[PDB]
Structure formats: structure tokens, C-alpha cells
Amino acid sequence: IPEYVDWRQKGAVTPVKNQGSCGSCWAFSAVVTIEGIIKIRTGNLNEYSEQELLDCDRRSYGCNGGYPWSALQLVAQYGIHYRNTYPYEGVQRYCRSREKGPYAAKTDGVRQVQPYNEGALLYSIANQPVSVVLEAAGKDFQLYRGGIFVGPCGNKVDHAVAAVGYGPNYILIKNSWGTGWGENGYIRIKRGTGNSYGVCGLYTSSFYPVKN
């Protein structure tokens, strides 16, 4: 795999979003990976609906938190609508998939990266954007403005985001806190520290969609 990957340069990443106060990060993370794999497989970059996953993933807890893997399982089992059809409201409401016409996109399954393995995560990122988790609670992450982030941070993961690239010393992360946070909404997190958790627990739990 190459020394640098940046899915933004391949036109496979949509603009940075702001989830607001709702604990919907798991839905935003999952959508980034759907947006990416559909561009990779079909050539078209579309925005898909975080709100649909928020409303309709019965295994998750709406704005109280959730699971990227169940959100991705939902998209493989049913499908997902365009963001424009099902825009983001920042609050969980009734599942309205059936009232909004046919699904826009569908995937075929979900896979997990082997946890606590930096190389396995980089291998998956070279193939597509990947949903990852990290510890965001610390003020250093909250206040991050730029540069390759080394912490301080623990490994008590609490926030789902998407890995969309990497380089020799970092993994490139698309956050869902708007374009005013970090590097126009992105963070570069240090890699290669030899800690199997990853910096801020980045290697704990990573999933990606499968599309034939």
C-alpha cells in the first residue's frame, strides 16, 4: 500500500458536517463510508442520510448514541436515501424510510477490521474510507486546531468518526463538528507510536461497508 492516501483527492468525500448537540456521530461516521464506497464503485459522489440511520436503526439509541456496525448493517439489509430526501434534523424522529420513495443506494454487507492492528487499518483505508472510533472527551481533542495530534488522550473511546486517508506519521480523520473545528473539520492523528490501542484508542473498533 502507498505512503499517502487521501480520498478527498479522489473525489470520494463530501463536505464536512456538523452533528450538533445530538449524539449521532455513529450515523455520520457510517454515512461517510457509504458516500465513499458508492463513489468508488459507481463513479458518482452523493450525500446520504444520517437522519435515516438516526431514526431507523432500531439497535442504536438515537441521539443517546449508537453503533456504526448496525447502521452499516441496516444499509446492507435495506438501503439508504439521499440526504436531500431525508435531511438532518438533529433530533431522533419516527423512521420515515417507507414514506420517502425507493432507496437511493444499497450495499451488500459489512466487515470489521482486525482490532488493535495499525497495519490492518491502513490496509483497509487504502481500499476505502473506514468507520473508526476514538476518545474525544479530553479538552486537547475538543480544542484541537491543527497539526499532527498526539494527545494527550486516553483510550476510553466515545466518538465515531471516519478515516479517509493516512500518511507516514498520521491517519486522516473526517470529524462531524463542522468546518470551524480542526483543519477545516479534519484531524490528523499520529500513528506509529507502537501502542496497540492507537492514539486516543483509534484502533479499537473499525468497520467498513462491502459493495459488489
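Counting begins at 1, following the sequence as shown.
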Comparing average C-alpha B factors as deposited, tell me which of 193-201 and 10-18 sits higher. 193-201
Averaging only over Cα atoms, indicate whether 153-161 or 173-181 has the higher B-factor in the PDB entry. 153-161
Can you tell me which of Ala30, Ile148, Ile37, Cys56 has the highest Cα temperature factor in the record? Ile37
Divide the modelled residues of the chain into thirds by Cα B-factor and specify which third, lowest, middle or highest, holds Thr85. middle
Entry-reported Cα temperature factor of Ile187, expressed as the chain third it lands in: lowest
Report the third (lowest, middle or highest) to which the CA temperature factor of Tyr61 belongs, ranking only the modelled residues of the same chain. highest
In terms of the chain's CA B-factor thirds, is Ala104 lowest, middle or highest? highest
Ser131, C-alpha B-factor rank within chain (lowest, middle or highest third): lowest
